[PDB]
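Residue-level listing of the chains:
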Amino acid sequence: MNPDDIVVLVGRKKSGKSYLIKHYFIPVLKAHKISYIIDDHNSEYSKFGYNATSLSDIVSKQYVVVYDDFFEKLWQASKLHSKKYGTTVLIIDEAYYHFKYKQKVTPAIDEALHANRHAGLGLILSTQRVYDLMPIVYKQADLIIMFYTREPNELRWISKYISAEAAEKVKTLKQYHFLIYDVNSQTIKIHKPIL
Ligand SMILES: [Cl-]
Ligand SMILES: [Mg+2]
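### Describing the packing of aromatic side chains
Now for step 1: Applying the stated criterion across every chain yields a total of 8 aromatic pairs.
Now for step 2: Taking the centre distance of 4.7 Å and the plane angle of 35° together, the rings of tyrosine 36 and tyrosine 63 count as tilted.
Now for step 3: A relative accessible area of 0% means that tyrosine 36 is categorised as buried.
Now for step 4: Centroid distance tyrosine 101 to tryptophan 157: 4.9 Å. Interplanar angle 85°. Geometry classified as edge-to-face. Of this pair, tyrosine 101 sits in the loop between β5 (88-92) and α4 (107-114) while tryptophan 157 sits in helix α7 (residues 152-161), and the two are 56 residues apart along the sequence.
Now for step 5: Within the aromatic cluster, the residues linked to one another by ring pairs are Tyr24, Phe25, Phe147 and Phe178.
Now for step 6: Just above the ring of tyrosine 63 sits the side chain of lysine 30; from NZ or CZ to the centre is 3.8 Å.
Now for step 7: The ring of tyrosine 50 has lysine 61 lying over it, and the distance from NZ or CZ to the ring centre is 4.4 Å.

### Some remarks on the nonpolar core
Now for step 1: If you look at the biggest cluster of nonpolar residues, it comprises 42 residues, and the most contacted ones within it are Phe71, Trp75, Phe99, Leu123, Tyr138 and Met146.
Now for step 2: When sequence neighbours within four positions are dropped, the list of residues in contact with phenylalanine 71 reads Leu90, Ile92, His98, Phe99, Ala108, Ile109 and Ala112.
Now for step 3: Grouped together as the second largest cluster of nonpolar side chains are 22 residues, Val7, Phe25, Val89 and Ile145 included.

### Looking at the UniProt feature "binding site: Zn(2+)" (unreviewed entry) in the protein chain
Now for step 1: Following the UniProt record, one finds the feature "binding site: Zn(2+)" (unreviewed entry) at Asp39, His41, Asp68 and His98.
Now for step 2: For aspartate 68, the position within the fold is in the loop between β4 (63-67) and α3 (70-85).
Now for step 3: Looking at the element boundaries, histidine 98 is found in the loop between β5 and α4.
Now for step 4: Take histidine 98: its relative accessible area is 17%, and that puts it in the buried class.
Now for step 5: Once you skip the residues sitting within four places of it in the chain, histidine 98 turns out to touch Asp39, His41, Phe71, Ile92, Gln103, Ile109 and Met134.

So, how was this worked out
Residues numbered from 1 in each chain as written, not as in the entry; some residues may be left out. Chains lettered and ligands numbered in written order. Heavy atoms only, no water. Residues with missing side-chain atoms left out of burial classes, pairs and counts. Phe/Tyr/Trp six-rings, centres within 6.5 Å; stacked < 30°, edge-to-face > 60°. Buried < 20%, exposed > 50% of the residue type's maximum accessible area, 1.4 Å probe, protein only. Helix = DSSP H or I, 4+ residues; strand = E, 2+ residues; numbered from the N terminus. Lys NZ or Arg CZ within 6 Å of the ring centre and 35° of its normal. Core = buried A, V, L, I, M, F, W, Y, C linked by side-chain atoms within 4.5 Å. Contact = heavy atoms within 4.5 Å. UniProt positions renumbered as here; feature names shortened; annotations may be inferred.

The structure is reproduced here in structure tokens:
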């Protein structure tokens, strides 16, 4: 993950999405001195950054958790954060609320999908089913990560918007194993569980 990449995480609850964030993305971000802002809508990430009580905290604290009209506020605050700390990763553990399939696209959502680099903000979006998010999220993504599924509608979406090969290989992943799809290079890795 480049610091201004868009990364999508896809898998049913308990498949290991938050674990990957906590144990794979966050530590590597930290090691490069890459800032992040975690937008938690379900706390679970309490120990990974300053727990914010205001928009000012989002801007000023280097590693920050936010407990979530609001997306535009969050987005504006993140842009100001990035100007202070350099490229920042905005991590959203419930992309289902702002990026939902068949929803409109505000200027801020559009910016987040098409103008990341310019705003100095990477994105990690997390979702339980592939068909929860707008197909344009899959087109705009740089890396798509998928855990096991054989739900036939999900296979169809993966095949149509991502890769027919990924749709095949997704069906055989063991627990905590995950497929990585590089949208740009069009390659596929099958990764073992994180330690
Ligand atoms: Cl709008
Ligand atoms: Mg989770």
